[PDB]
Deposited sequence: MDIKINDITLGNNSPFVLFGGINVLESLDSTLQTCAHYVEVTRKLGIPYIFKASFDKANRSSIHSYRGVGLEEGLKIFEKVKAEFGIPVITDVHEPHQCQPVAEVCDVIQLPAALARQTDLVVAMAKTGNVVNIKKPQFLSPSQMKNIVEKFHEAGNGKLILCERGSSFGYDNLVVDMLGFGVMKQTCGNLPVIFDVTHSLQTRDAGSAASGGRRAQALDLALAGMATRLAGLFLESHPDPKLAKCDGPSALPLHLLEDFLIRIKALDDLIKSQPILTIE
């Protein structure tokens, strides 16, 4: 099943979509600069692009680390990105009360991995009718994603994306199970599946590339990143696009 996000088609048999941007929204000028760079590079390569950032980082390394600009300013910055570049945007939500005001600006809203089984948040997100990105917790198997999907469906929303972020592997390490993509496709109605390569990785550039190419080889709707340096983005995306283009060009069976 494909999902339309403005003029983008997102789907497991469609050209990959890049979801990228910054960690925490901290100012208008810096956000617009970064977004501009992603926009120019993805336009040059013909890669569909959705800008990502958090306005309210709920899990901070220390209490008093800056959470971001907050809801009211964060949504203004997202409106300005949409106005200036004409692209969709994505951001996470942490409380039921945030769902409506965030959904009425942001094209995709995201269920954080830690909150993925919090029924009240699922229902509130569902009721927006927006496109939803579900972050797979690292302790949840791919066959348990169906239960989360089922709850969204019960609440009346089937515009769901599944986002792989790796699985707990002993202490501290994560491993990405390349077979979990297919399990999620088979058990969840072939909803779009995207791969968060960044938060799957605890030099690092050779690693992120190897992992991103391996996951995209399995036929995915998109790639989700934060840890990549901005100027090397083009070389990186050239390689992902080469592989995606090859894979998607071949029939499934």
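Visitor: Walk along the deposited sequence from position 1 and note every stretch that has no C-alpha coordinates.
Guide: Model skips 203 to 212, 237 to 250, 278 to 280 of the deposited chain.
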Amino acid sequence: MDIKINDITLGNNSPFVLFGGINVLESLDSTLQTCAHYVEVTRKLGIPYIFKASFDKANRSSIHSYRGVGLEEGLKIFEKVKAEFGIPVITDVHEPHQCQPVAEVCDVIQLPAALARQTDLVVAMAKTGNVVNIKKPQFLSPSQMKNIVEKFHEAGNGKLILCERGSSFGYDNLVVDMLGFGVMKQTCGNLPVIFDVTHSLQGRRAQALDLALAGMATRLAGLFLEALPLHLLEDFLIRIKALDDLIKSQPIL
From here on, numbers count along this sequence of modelled residues.
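Visitor: Which has the higher mean CA temperature factor in the PDB entry, 30 to 38 or 212 to 220?
Guide: Mean B over CA atoms: larger for 30 to 38.
Visitor: Do the CA atoms of 190 to 198 or those of 56 to 64 have the higher mean B-factor in the entry?
Guide: Higher mean C-alpha B-factor: 56 to 64.
Visitor: Among the choices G180, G74, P88, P96, identify the one whose CA B-factor in the record is greatest.
Guide: The listed residue with the largest C-alpha B-factor is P96.
Visitor: Reading the B-factor column of the entry, which of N130, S167, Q144, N133 has the highest value at its C-alpha atom?
Guide: When the deposited C-alpha B-factors of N130, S167, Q144, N133 are compared, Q144 is largest.
Visitor: In terms of the CA temperature factor given in the entry, to which third of its chain does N23 belong: lowest, middle or highest?
Guide: Within its chain, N23 is a highest-third residue by C-alpha B-factor, going by the deposited values.
Visitor: Comparing against every modelled residue in the chain, figure out the third that the C-alpha B-factor of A114 lands in (lowest, middle or highest).
Guide: CA B-factor rank for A114: middle third.
Visitor: Pull the Cα B-factor of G203 out of the PDB entry and bin it into the chain's lowest, middle or highest third.
Guide: As the PDB entry reports it, the C-alpha B-factor of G203 lands in the highest third of its chain.
Visitor: By the recorded C-alpha temperature factor, relative to the other modelled residues in its chain, which third is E84 in?
Guide: Its C-alpha B-factor belongs to the highest third of this chain's values.
Visitor: Would you please rank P137 by its C-alpha temperature factor against the other modelled residues of its chain and give the third it falls in: lowest, middle or highest?
Guide: Middle third of the chain for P137's C-alpha B-factor.
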